[PDB]
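**Q** Enclosed is the structure file data.cif (mmCIF, C-alpha atoms and all ligand atoms).
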```
data_final
loop_
_atom_site.label_atom_id
_atom_site.label_comp_id
_atom_site.auth_asym_id
_atom_site.auth_seq_id
_atom_site.Cartn_x
_atom_site.Cartn_y
_atom_site.Cartn_z
CA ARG A 202 -24.75 -26.64 8.53
CA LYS A 203 -21.51 -26.49 6.48
CA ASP A 204 -18.19 -24.80 7.21
CA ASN A 205 -17.51 -24.44 3.47
CA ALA A 206 -20.02 -23.47 0.79
CA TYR A 207 -20.06 -22.08 -2.74
CA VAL A 208 -22.41 -20.31 -5.15
CA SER A 209 -22.12 -20.72 -8.92
CA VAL A 210 -23.98 -18.63 -11.49
CA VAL A 211 -23.53 -19.77 -15.10
CA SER A 212 -24.96 -18.32 -18.30
CA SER A 213 -23.78 -18.06 -21.90
CA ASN A 214 -22.08 -14.72 -21.06
CA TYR A 215 -21.77 -15.02 -17.25
CA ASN A 216 -19.70 -17.62 -15.40
CA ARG A 217 -18.79 -16.82 -11.80
CA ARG A 218 -18.12 -18.68 -8.55
CA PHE A 219 -18.45 -17.10 -5.10
CA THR A 220 -16.93 -18.31 -1.84
CA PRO A 221 -18.15 -16.91 1.52
CA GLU A 222 -15.64 -15.20 3.81
CA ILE A 223 -15.88 -15.03 7.60
CA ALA A 224 -14.21 -12.21 9.55
CA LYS A 225 -14.84 -9.52 12.16
CA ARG A 226 -16.21 -6.31 10.65
CA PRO A 227 -17.20 -2.85 11.93
CA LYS A 228 -20.90 -2.45 12.54
CA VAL A 229 -23.00 -0.75 9.86
CA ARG A 230 -26.73 -0.35 10.66
CA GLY A 231 -26.38 -2.66 13.67
CA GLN A 232 -25.15 -5.73 11.76
CA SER A 233 -21.63 -7.09 11.33
CA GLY A 234 -22.36 -9.55 8.52
CA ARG A 235 -22.58 -8.58 4.87
CA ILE A 236 -24.59 -9.45 1.78
CA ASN A 237 -22.97 -8.75 -1.60
CA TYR A 238 -25.37 -8.10 -4.48
CA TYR A 239 -24.91 -9.02 -8.15
CA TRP A 240 -26.84 -8.59 -11.39
CA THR A 241 -26.91 -9.85 -14.97
CA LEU A 242 -28.86 -9.33 -18.20
CA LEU A 243 -30.26 -12.47 -19.83
CA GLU A 244 -30.55 -12.28 -23.60
CA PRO A 245 -33.53 -13.87 -25.40
CA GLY A 246 -33.11 -17.60 -25.86
CA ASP A 247 -30.58 -17.92 -23.04
CA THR A 248 -30.46 -20.09 -19.92
CA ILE A 249 -29.21 -19.17 -16.44
CA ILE A 250 -28.14 -21.83 -13.92
CA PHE A 251 -27.83 -21.35 -10.15
CA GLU A 252 -25.92 -23.90 -8.08
CA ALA A 253 -25.50 -23.58 -4.34
CA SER B 46 11.20 32.77 -23.31
CA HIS B 47 11.62 30.98 -19.98
CA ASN B 48 14.07 31.11 -17.08
CA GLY B 49 15.13 27.49 -17.35
CA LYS B 50 14.86 26.88 -13.58
CA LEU B 51 12.23 25.50 -11.25
CA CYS B 52 11.41 27.97 -8.50
CA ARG B 53 8.73 29.29 -6.13
CA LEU B 54 5.02 29.64 -6.83
CA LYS B 55 3.05 32.11 -4.65
CA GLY B 56 5.62 31.94 -1.85
CA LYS B 57 5.58 28.16 -1.33
CA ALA B 58 8.57 26.00 -2.22
CA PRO B 59 7.97 22.80 -4.23
CA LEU B 60 8.58 19.27 -2.98
CA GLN B 61 11.59 17.93 -4.87
CA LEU B 62 11.45 14.14 -4.94
CA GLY B 63 15.07 13.85 -6.06
CA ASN B 64 16.00 10.25 -6.80
CA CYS B 65 12.78 8.84 -5.29
CA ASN B 66 9.52 8.10 -7.03
CA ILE B 67 6.13 8.16 -5.30
CA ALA B 68 6.46 4.54 -4.06
CA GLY B 69 9.73 5.26 -2.28
CA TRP B 70 8.25 8.33 -0.61
CA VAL B 71 5.03 6.69 0.59
CA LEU B 72 6.66 3.40 1.61
CA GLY B 73 9.69 4.97 3.25
CA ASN B 74 12.62 3.88 1.11
CA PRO B 75 15.89 4.06 3.11
CA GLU B 76 17.46 6.43 0.55
CA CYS B 77 14.49 8.80 0.95
CA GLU B 78 14.85 9.70 4.63
CA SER B 79 14.90 13.48 4.05
CA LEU B 80 11.39 13.41 2.56
CA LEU B 81 9.74 12.12 5.77
CA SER B 82 9.22 15.35 7.72
CA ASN B 83 5.98 17.16 8.33
CA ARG B 84 5.81 19.90 5.70
CA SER B 85 3.76 21.63 2.99
CA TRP B 86 4.28 22.52 -0.66
CA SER B 87 2.80 24.04 -3.81
CA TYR B 88 3.71 21.31 -6.33
CA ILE B 89 5.74 18.13 -6.76
CA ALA B 90 8.81 17.73 -8.98
CA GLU B 91 10.10 14.44 -10.42
CA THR B 92 13.35 13.41 -11.98
CA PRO B 93 12.35 11.54 -15.19
CA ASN B 94 14.39 8.38 -14.41
CA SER B 95 14.14 7.86 -10.66
CA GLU B 96 15.44 4.46 -9.58
CA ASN B 97 14.65 4.41 -5.85
CA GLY B 98 11.18 2.95 -5.40
CA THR B 99 10.11 -0.55 -4.37
CA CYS B 100 13.50 -2.06 -3.55
CA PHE B 101 11.84 -5.35 -2.67
CA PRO B 102 10.14 -6.65 -5.84
CA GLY B 103 6.38 -6.81 -6.14
CA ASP B 104 3.29 -5.14 -7.53
CA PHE B 105 1.99 -1.84 -6.19
CA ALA B 106 -1.78 -2.13 -6.48
CA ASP B 107 -3.27 1.02 -8.08
CA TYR B 108 -0.16 3.16 -8.51
CA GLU B 109 -1.70 5.64 -10.91
CA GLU B 110 -4.82 6.20 -8.83
CA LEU B 111 -2.55 7.00 -5.88
CA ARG B 112 -0.70 9.46 -8.12
CA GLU B 113 -3.99 11.11 -9.12
CA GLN B 114 -5.07 11.35 -5.47
CA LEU B 115 -1.70 12.78 -4.43
CA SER B 116 -1.82 15.39 -7.20
CA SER B 117 -4.30 17.60 -5.30
CA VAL B 118 -2.69 17.37 -1.84
CA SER B 119 -1.31 20.42 -0.04
CA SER B 120 0.25 18.98 3.13
CA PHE B 121 0.67 15.78 5.11
CA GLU B 122 1.09 15.09 8.83
CA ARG B 123 3.07 11.86 9.29
CA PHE B 124 2.09 10.08 12.51
CA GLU B 125 2.69 6.68 14.10
CA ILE B 126 -0.38 4.51 13.57
CA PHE B 127 1.01 1.41 15.32
CA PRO B 128 3.93 1.72 17.77
CA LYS B 129 6.55 -0.89 16.98
CA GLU B 130 7.70 -1.80 20.50
CA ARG B 131 4.25 -1.71 22.11
CA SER B 132 1.76 -3.23 19.69
CA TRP B 133 3.63 -6.46 18.79
CA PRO B 134 4.77 -8.15 22.02
CA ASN B 135 4.50 -11.76 20.80
CA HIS B 136 6.34 -11.38 17.47
CA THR B 137 9.83 -10.36 16.37
CA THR B 138 9.69 -7.00 14.60
CA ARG B 139 13.42 -6.90 13.73
CA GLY B 140 13.22 -7.87 10.07
CA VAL B 141 15.86 -6.79 7.55
CA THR B 142 16.55 -7.74 3.95
CA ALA B 143 19.58 -7.57 1.66
CA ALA B 144 17.50 -6.29 -1.27
CA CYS B 145 17.30 -2.83 0.34
CA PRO B 146 20.80 -1.52 1.22
CA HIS B 147 21.40 1.36 3.60
CA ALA B 148 24.96 2.55 4.37
CA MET B 149 26.61 -0.73 3.24
CA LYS B 150 24.19 -2.71 5.42
CA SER B 151 20.76 -4.35 5.23
CA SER B 152 17.58 -2.54 6.27
CA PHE B 153 13.85 -2.35 5.56
CA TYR B 154 11.30 0.38 4.85
CA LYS B 155 10.79 3.14 7.40
CA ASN B 156 6.97 2.98 7.34
CA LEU B 157 6.43 -0.81 7.52
CA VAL B 158 7.27 -3.63 9.94
CA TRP B 159 8.13 -7.20 8.92
CA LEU B 160 6.70 -9.64 11.45
CA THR B 161 8.28 -13.08 11.89
CA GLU B 162 8.01 -15.92 14.46
CA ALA B 163 8.94 -15.55 18.12
CA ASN B 164 9.89 -18.54 20.34
CA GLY B 165 8.88 -20.96 17.58
CA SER B 166 5.24 -19.86 17.30
CA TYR B 167 3.26 -17.27 15.35
CA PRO B 168 0.10 -16.30 17.27
CA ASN B 169 -3.08 -14.94 15.73
CA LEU B 170 -3.03 -11.23 14.96
CA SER B 171 -5.92 -8.77 15.21
CA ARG B 172 -5.56 -4.98 15.45
CA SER B 173 -7.86 -2.01 14.99
CA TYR B 174 -7.50 1.73 14.49
CA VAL B 175 -10.04 4.57 14.71
CA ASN B 176 -9.52 7.82 12.81
CA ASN B 177 -10.02 10.93 14.96
CA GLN B 178 -7.83 13.52 13.23
CA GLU B 179 -10.73 15.17 11.30
CA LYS B 180 -9.10 14.42 7.92
CA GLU B 181 -8.28 11.51 5.61
CA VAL B 182 -5.58 9.04 6.65
CA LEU B 183 -3.52 7.11 4.08
CA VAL B 184 -2.74 3.57 5.27
CA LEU B 185 -0.23 1.25 3.56
CA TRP B 186 0.55 -2.45 4.03
CA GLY B 187 1.91 -5.48 2.21
CA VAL B 188 1.51 -9.23 1.79
CA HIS B 189 4.49 -11.59 1.45
CA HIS B 190 4.70 -14.39 -1.13
CA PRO B 191 7.73 -16.65 -0.50
CA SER B 192 9.68 -18.88 -2.88
CA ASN B 193 9.33 -22.35 -1.32
CA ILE B 194 7.48 -24.13 1.48
CA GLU B 195 10.61 -24.27 3.66
CA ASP B 196 10.83 -20.46 3.77
CA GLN B 197 7.14 -20.26 4.73
CA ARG B 198 7.56 -22.93 7.41
CA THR B 199 10.70 -21.36 8.89
CA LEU B 200 9.26 -17.84 9.06
CA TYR B 201 5.55 -18.39 9.81
CA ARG B 202 5.17 -22.04 11.07
CA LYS B 203 2.03 -22.60 8.94
CA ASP B 204 1.61 -23.86 5.40
CA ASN B 205 -1.65 -21.92 4.93
CA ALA B 206 -2.16 -18.31 6.05
CA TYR B 207 -4.43 -15.37 5.29
CA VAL B 208 -4.63 -11.59 5.69
CA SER B 209 -7.93 -9.72 6.06
CA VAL B 210 -8.34 -5.94 5.91
CA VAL B 211 -11.82 -4.58 6.66
CA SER B 212 -13.04 -0.98 6.74
CA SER B 213 -16.42 0.62 6.05
CA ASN B 214 -15.42 1.07 2.37
CA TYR B 215 -12.65 -1.58 2.12
CA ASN B 216 -13.16 -5.33 2.54
CA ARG B 217 -10.57 -7.67 1.12
CA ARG B 218 -8.95 -11.02 1.91
CA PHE B 219 -5.50 -12.13 0.74
CA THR B 220 -3.86 -15.54 0.52
CA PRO B 221 -0.12 -16.16 -0.03
CA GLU B 222 1.05 -18.02 -3.13
CA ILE B 223 4.25 -20.07 -3.43
CA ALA B 224 5.98 -20.63 -6.78
CA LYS B 225 9.33 -20.39 -8.57
CA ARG B 226 10.04 -16.91 -9.95
CA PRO B 227 12.85 -15.20 -11.87
CA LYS B 228 15.30 -13.27 -9.72
CA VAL B 229 14.82 -9.50 -9.50
CA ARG B 230 17.39 -7.58 -7.39
CA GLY B 231 18.79 -10.84 -6.03
CA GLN B 232 15.55 -12.12 -4.46
CA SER B 233 12.99 -14.61 -5.76
CA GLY B 234 10.20 -13.87 -3.28
CA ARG B 235 7.71 -11.05 -3.66
CA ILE B 236 5.94 -8.51 -1.47
CA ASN B 237 2.73 -7.00 -2.85
CA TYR B 238 1.90 -3.50 -1.60
CA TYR B 239 -1.57 -2.05 -0.96
CA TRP B 240 -3.07 1.25 0.20
CA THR B 241 -6.34 2.83 1.35
CA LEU B 242 -7.82 6.12 2.61
CA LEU B 243 -9.64 6.17 5.94
CA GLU B 244 -12.41 8.75 6.22
CA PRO B 245 -12.92 10.67 9.49
CA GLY B 246 -14.85 8.63 12.03
CA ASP B 247 -14.00 5.29 10.39
CA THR B 248 -12.31 2.17 11.75
CA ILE B 249 -9.84 -0.17 10.03
CA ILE B 250 -9.33 -3.76 11.20
CA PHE B 251 -6.33 -5.95 10.35
CA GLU B 252 -6.40 -9.72 10.89
CA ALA B 253 -3.63 -12.16 10.05
CA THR B 254 -2.43 -15.67 10.74
CA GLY B 255 0.70 -15.05 8.68
CA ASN B 256 2.48 -13.16 5.90
CA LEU B 257 1.82 -9.54 6.90
CA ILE B 258 4.04 -6.48 6.49
CA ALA B 259 2.24 -4.38 9.10
CA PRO B 260 1.92 -0.58 8.92
CA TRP B 261 4.14 1.57 11.14
CA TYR B 262 3.60 5.17 10.00
CA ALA B 263 0.63 6.82 8.28
CA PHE B 264 -0.09 10.15 6.61
CA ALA B 265 -2.83 12.67 7.39
CA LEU B 266 -3.64 14.48 4.14
CA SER B 267 -5.10 17.94 3.54
CA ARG B 268 -6.57 19.01 0.21
CA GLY B 269 -5.98 22.21 -1.73
CA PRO B 270 -7.16 24.09 -4.81
CA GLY B 271 -4.01 24.33 -6.94
CA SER B 272 -1.20 21.78 -7.20
CA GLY B 273 0.20 19.17 -9.54
CA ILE B 274 3.10 16.96 -10.56
CA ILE B 275 5.83 18.15 -12.96
CA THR B 276 8.50 15.91 -14.51
CA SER B 277 11.58 18.07 -15.04
CA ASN B 278 15.38 18.36 -15.02
CA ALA B 279 15.88 22.03 -14.34
CA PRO B 280 17.66 23.01 -11.09
CA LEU B 281 15.81 24.63 -8.21
CA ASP B 282 16.40 28.32 -7.45
CA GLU B 283 14.50 31.41 -6.32
CA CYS B 284 11.69 33.40 -7.93
CA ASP B 285 8.12 34.39 -7.19
CA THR B 286 6.65 33.40 -10.55
CA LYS B 287 2.94 32.74 -11.03
CA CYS B 288 3.46 30.30 -13.93
CA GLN B 289 5.52 27.12 -14.01
CA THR B 290 6.40 24.70 -16.83
CA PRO B 291 8.80 21.72 -16.80
CA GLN B 292 11.24 23.76 -18.90
CA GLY B 293 11.22 26.83 -16.65
CA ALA B 294 9.12 29.71 -15.39
CA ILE B 295 7.13 32.35 -17.26
CA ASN B 296 6.68 36.05 -16.42
CA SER B 297 4.51 38.05 -18.84
CA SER B 298 0.87 38.84 -19.57
CA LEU B 299 0.56 37.83 -23.25
CA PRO B 300 -2.35 35.45 -23.97
CA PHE B 301 -0.39 32.62 -25.65
CA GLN B 302 2.75 30.49 -25.44
CA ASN B 303 4.58 27.80 -27.35
CA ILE B 304 6.91 26.50 -24.64
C1 LIG C 401 4.54 -32.01 -7.33
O1 LIG C 401 4.17 -30.77 -6.69
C2 LIG C 401 3.56 -30.91 -5.40
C3 LIG C 401 3.19 -29.52 -4.94
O2 LIG C 401 4.14 -28.56 -5.36
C4 LIG C 401 4.51 -31.63 -4.45
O3 LIG C 401 3.85 -31.83 -3.20
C5 LIG C 401 4.68 -31.43 -2.10
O4 LIG C 401 5.65 -32.45 -1.79
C6 LIG C 401 6.54 -32.13 -0.71
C7 LIG C 401 7.55 -33.25 -0.64
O5 LIG C 401 6.91 -34.52 -0.70
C8 LIG C 401 5.73 -31.93 0.57
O6 LIG C 401 6.58 -31.54 1.64
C9 LIG C 401 6.48 -32.48 2.75
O7 LIG C 401 5.53 -32.10 3.75
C10 LIG C 401 5.36 -33.10 4.78
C11 LIG C 401 4.21 -32.67 5.70
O8 LIG C 401 4.67 -31.61 6.54
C12 LIG C 401 4.13 -31.80 7.87
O9 LIG C 401 5.14 -31.60 8.85
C13 LIG C 401 5.71 -30.27 8.91
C14 LIG C 401 6.84 -30.28 9.92
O10 LIG C 401 7.49 -29.01 9.87
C15 LIG C 401 8.90 -29.21 10.13
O11 LIG C 401 9.56 -29.70 8.97
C16 LIG C 401 9.66 -28.80 7.84
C17 LIG C 401 10.32 -29.55 6.70
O12 LIG C 401 9.41 -30.54 6.24
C18 LIG C 401 10.44 -27.55 8.27
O13 LIG C 401 10.54 -26.65 7.18
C19 LIG C 401 9.70 -26.88 9.45
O14 LIG C 401 10.39 -25.70 9.85
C20 LIG C 401 9.49 -27.84 10.62
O15 LIG C 401 10.78 -28.02 11.21
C21 LIG C 401 4.59 -29.27 9.27
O16 LIG C 401 5.12 -27.96 9.30
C22 LIG C 401 3.47 -29.36 8.21
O17 LIG C 401 2.43 -28.45 8.51
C23 LIG C 401 2.95 -30.80 8.05
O18 LIG C 401 2.22 -31.07 9.25
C24 LIG C 401 6.70 -33.29 5.54
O19 LIG C 401 6.58 -34.39 6.42
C25 LIG C 401 7.87 -33.54 4.56
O20 LIG C 401 9.10 -33.49 5.28
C26 LIG C 401 10.08 -34.36 4.68
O21 LIG C 401 11.00 -33.62 3.88
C27 LIG C 401 11.82 -32.65 4.58
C28 LIG C 401 12.65 -31.92 3.54
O22 LIG C 401 11.78 -31.08 2.78
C29 LIG C 401 12.67 -33.38 5.63
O23 LIG C 401 13.43 -32.43 6.36
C30 LIG C 401 11.74 -34.16 6.59
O24 LIG C 401 12.51 -34.85 7.57
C31 LIG C 401 10.80 -35.12 5.83
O25 LIG C 401 11.64 -36.15 5.32
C32 LIG C 401 7.89 -32.56 3.38
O26 LIG C 401 8.28 -31.31 3.90
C33 LIG C 401 4.67 -30.86 0.35
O27 LIG C 401 3.84 -30.75 1.51
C34 LIG C 401 3.80 -31.18 -0.87
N1 LIG C 401 2.87 -30.09 -1.12
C35 LIG C 401 1.57 -30.16 -0.80
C36 LIG C 401 0.76 -28.95 -1.13
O28 LIG C 401 1.08 -31.15 -0.28
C37 LIG C 401 4.93 -32.97 -5.05
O29 LIG C 401 5.90 -33.61 -4.22
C38 LIG C 401 5.52 -32.77 -6.44
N2 LIG C 401 5.88 -34.05 -7.03
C39 LIG C 401 7.14 -34.49 -7.12
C40 LIG C 401 7.33 -35.83 -7.75
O30 LIG C 401 8.09 -33.83 -6.70
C1 LIG C 402 18.72 3.56 -5.21
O1 LIG C 402 19.11 3.73 -6.59
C2 LIG C 402 20.48 3.40 -6.87
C3 LIG C 402 20.71 3.75 -8.32
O2 LIG C 402 19.63 4.51 -8.86
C4 LIG C 402 20.71 1.92 -6.56
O3 LIG C 402 22.08 1.59 -6.80
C5 LIG C 402 22.17 0.45 -7.70
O4 LIG C 402 21.95 -0.80 -7.01
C6 LIG C 402 22.01 -1.95 -7.87
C7 LIG C 402 21.68 -3.15 -7.01
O5 LIG C 402 20.30 -3.47 -7.06
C8 LIG C 402 23.39 -2.05 -8.52
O6 LIG C 402 23.40 -3.15 -9.43
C9 LIG C 402 23.71 -0.76 -9.27
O7 LIG C 402 25.04 -0.80 -9.77
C10 LIG C 402 23.56 0.45 -8.34
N1 LIG C 402 23.79 1.69 -9.07
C11 LIG C 402 24.49 2.71 -8.57
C12 LIG C 402 24.64 3.91 -9.46
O8 LIG C 402 24.98 2.67 -7.45
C13 LIG C 402 20.37 1.66 -5.10
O9 LIG C 402 20.51 0.27 -4.80
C14 LIG C 402 18.94 2.10 -4.79
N2 LIG C 402 18.64 1.91 -3.38
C15 LIG C 402 17.52 1.35 -2.93
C16 LIG C 402 17.39 1.24 -1.44
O10 LIG C 402 16.65 0.94 -3.69
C1 LIG C 403 4.25 15.60 12.77
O1 LIG C 403 2.95 15.93 13.23
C2 LIG C 403 2.42 15.02 14.18
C3 LIG C 403 0.99 15.44 14.47
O2 LIG C 403 0.21 15.30 13.27
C4 LIG C 403 3.30 15.02 15.41
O3 LIG C 403 2.80 14.05 16.33
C5 LIG C 403 2.53 14.66 17.60
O4 LIG C 403 3.72 14.84 18.37
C6 LIG C 403 3.50 15.49 19.62
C7 LIG C 403 4.83 15.66 20.33
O5 LIG C 403 5.48 14.39 20.44
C8 LIG C 403 2.54 14.66 20.46
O6 LIG C 403 2.28 15.34 21.70
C9 LIG C 403 1.24 14.46 19.70
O7 LIG C 403 0.36 13.63 20.46
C10 LIG C 403 1.54 13.80 18.37
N1 LIG C 403 0.30 13.65 17.63
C11 LIG C 403 -0.01 12.53 16.97
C12 LIG C 403 -1.40 12.48 16.43
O8 LIG C 403 0.78 11.62 16.82
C13 LIG C 403 4.71 14.65 14.99
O9 LIG C 403 5.59 14.70 16.11
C14 LIG C 403 5.21 15.63 13.95
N2 LIG C 403 6.54 15.22 13.55
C15 LIG C 403 7.49 16.09 13.22
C16 LIG C 403 7.65 17.27 14.12
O10 LIG C 403 8.19 15.93 12.24
#
```
In structure tokens, how does this file's structure come out?

**A**
Amino acid sequence: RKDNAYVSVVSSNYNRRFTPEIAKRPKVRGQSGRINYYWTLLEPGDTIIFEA
Amino acid sequence: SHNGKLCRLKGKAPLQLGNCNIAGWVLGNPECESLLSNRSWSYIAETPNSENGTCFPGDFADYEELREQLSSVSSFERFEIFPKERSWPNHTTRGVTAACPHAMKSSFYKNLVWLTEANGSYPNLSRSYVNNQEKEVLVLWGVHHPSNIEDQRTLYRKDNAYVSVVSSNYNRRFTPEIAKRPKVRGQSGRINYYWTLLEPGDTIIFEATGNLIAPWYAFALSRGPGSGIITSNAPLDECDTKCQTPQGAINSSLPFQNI
């Protein structure tokens, strides 16, 4: 329900912002959209914050 | 002991770059016209100070990776990926610049096409290409970053534009940036150059609402077991030597050297 959106992942060693992109892509496994995957390693005593 | 001359290696002549570096050969610099002919080689030779590369200023993304990929290449087959007169009917493809001379005139690269407005409007752009040549295809393009908003408005009729290049292994979106820059070769704008390799059976899609230096010619590469790049100043002549150094050729069977 929004033309523009953002994802923010903040930690004490991670701080990144992601903006979705819309385009026409070749079909892989029958789908044209994409999902990009990300990972991090939380240390003991640390806090991770997800905003979306 | 060495001859002091570059020469043959197993019956195949080397590719002498001359006054061009790798950027001027792959982009099609106007002073590097003799290097754009279907051919094959054994190795590549460089003059140490070659000053005919990117005549329009900018950043070549991943130069050294392109050099490492072009080290183990035997031959290329240059073909026309997008015909200039056919594929762009709603834009003006006649774009020249004074930062790249040719014969006391102004010209552009021989493998790229500068697209500008036509009849006061820049329509949306979307092209595709499918690889069917059973080998890898090297594709090159560029994104323009002007100096002021008046240049952008006079050449593209939009303040905001974007370029999108999507393949099955490449997916990247580009936005132009406008700022004040120091003058390099008489121009303050920039053009940033980019490259990719299409696998066999893959499709590349270009989309643009502005600021695109579209591809014109592409290379079909073949791999080989033994090749390399040598930086040297010795003149080319004839031999059939099995060993080659930058300082000359070697013909013996002793197990060591100090050349
Ligand atoms: C601090 O920095 C910021 C950012 O760097 C500065 O913000 C910029 O200020 C300038 C000047 O105020 C703005 O330019 C203005 O844009 C207006 C909106 O443009 C609309 O109309 C355009 C019409 O296009 C036609 O005209 C242009 C020339 O304007 C031609 O180049 C073009 O070929 C066409 O013929 C549309 O194209 C556009 O999409 C918009 O719909 C303009 O109205 C305005 O024009 C005035 O100035 C012209 C001379 O430049 C003159 O010829 C006109 O008659 C008119 O008087 C002007 O171009 C920037 O848009 C603005 N940037 C942003 C991001 O907003 C800020 O000014 C600066 N602070 C200080 C103190 O300098
Ligand atoms: C190819 O290289 C030559 C020299 O290596 C370039 O000639 C120089 O051009 C600049 C202008 O940018 C002059 O200031 C120099 O005086 C020129 N030097 C000589 C020796 O002529 C030439 O412009 C290059 N051509 C391209 C297309 O990049
Ligand atoms: C370089 O090789 C390409 C093929 O890789 C040649 O392009 C072919 O040219 C012939 C004759 O015009 C056409 O019938 C083919 O359809 C073309 N093939 C492709 C895929 O474009 C090109 O002409 C060669 N150039 C030379 C001789 O330097």

**Q** Neighbours of ligand LIG 402 (chain C) within 7 Å, counting all atoms listed in the file, as a PDB file with C-alpha atoms, in the coordinates of the input?

**A**
```pdb
ATOM      1  CA  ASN B  74      12.620   3.880   1.110  1.00  0.00           C
ATOM      2  CA  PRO B  75      15.890   4.060   3.110  1.00  0.00           C
ATOM      3  CA  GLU B  76      17.460   6.430   0.550  1.00  0.00           C
ATOM      4  CA  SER B  95      14.140   7.860 -10.660  1.00  0.00           C
ATOM      5  CA  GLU B  96      15.440   4.460  -9.580  1.00  0.00           C
ATOM      6  CA  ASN B  97      14.650   4.410  -5.850  1.00  0.00           C
ATOM      7  CA  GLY B  98      11.180   2.950  -5.400  1.00  0.00           C
ATOM      8  CA  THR B  99      10.110  -0.550  -4.370  1.00  0.00           C
ATOM      9  CA  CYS B 100      13.500  -2.060  -3.550  1.00  0.00           C
ATOM     10  CA  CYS B 145      17.300  -2.830   0.340  1.00  0.00           C
ATOM     11  CA  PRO B 146      20.800  -1.520   1.220  1.00  0.00           C
ATOM     12  CA  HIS B 147      21.400   1.360   3.600  1.00  0.00           C
ATOM     13  CA  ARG B 230      17.390  -7.580  -7.390  1.00  0.00           C
TER      14      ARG B 230
END
```

**Q** What's the 10 Å shell around region 226-236 of chain A, counting all atoms listed in the file, without same-chain residues fewer than 5 positions away, as a list in words?

**A**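 The contact residues come out as residues 221 of chain A; 173, 210, 211, 212, 213, 216, 247, 248, 249, 250 and 251 of chain B.
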
**Q** Please work out which residues fall within 12 Å of (-20.1, -23.8, 1.5), coordinates as given in the file, with all atoms listed in the file counting, and return them as an MDAnalysis selection string.

**A** chainID A and resid 202:209 218:223 252:253

**Q** Using all atoms listed in the file, find each residue with an atom at most 10 Å away from ligand LIG 403 (chain C) and format the answer as a list in words.

**A** residues 81, 82, 83, 84, 121, 122, 123, 124, 125, 126, 177, 178, 262, 263, 264, 265 and 266 of chain B

**Q** How many Å separate CA of residue 66 (chain B) from CA of residue 231 (chain B)?

**A** 21.1 Å

**Q** For residue 206 (chain B), list every protein, DNA or RNA residue within 9 Å, evaluated using only C-alpha atoms, and leave out those in the same chain fewer than 5 positions away; present the list as number ranges by chain.

**A** B: 201, 219-221, 253-256

**Q** Residues within 6 Å of ligand LIG 401 (chain C) (only C-alpha atoms and all ligand atoms), as a list in words?

**A**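 My answer, listing the contacting residues, is residues 195, 198, 199, 203 and 204 of chain B.
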
**Q** Those selected residues, please, written with C-alpha atoms and delivered as a tab-separated table (two decimals), in the coordinates of the input.

**A**
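The resulting file, part-v9.tsv, is reproduced below:
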```tsv
chain	number	residue	atom	x	y	z
B	195	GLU	CA	10.61	-24.27	3.66
B	198	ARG	CA	7.56	-22.93	7.41
B	199	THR	CA	10.70	-21.36	8.89
B	203	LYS	CA	2.03	-22.60	8.94
B	204	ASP	CA	1.61	-23.86	5.40
```

**Q** CA of residue 281 (chain B) and CA of residue 51 (chain B), how far apart in Å?

**A** 4.8 Å

**Q** Choose the residue, out of B:184, B:223, B:208, B:288, that has the smallest atom-to-atom separation from residue 196 (chain B); count all atoms listed in the file.

**A**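 Closest to residue 196 (chain B) of all the choices is B:223.
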
**Q** Record the distance separating CA of residue 138 (chain B) and CA of residue 202 (chain B), expressed in Å with one decimal.

**A** 16.1 Å

**Q** I want to know what sits within 9 Å of residue 159 (chain B), based on all atoms listed in the file, with residues of the same chain fewer than 5 positions away left out; could you give that as a VMD selection string?

**A** chain B and resid 137 to 141 153 256 to 259

**Q** Let me make sure I understand: among A:238, A:250, A:243, A:224, which one has the smallest atom-to-atom distance to chain B if we use all atoms listed in the file?

**A**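 Residue with the minimum atom-to-atom distance to chain B: A:224.
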
**Q** Show me the residues close to (-9.1, 6.9, -2.7) - anything with an atom within 8 Å, counting all atoms listed in the file - and format the list as an NGL selection string.

**A** :B and (110-111 or 114 or 241-242)
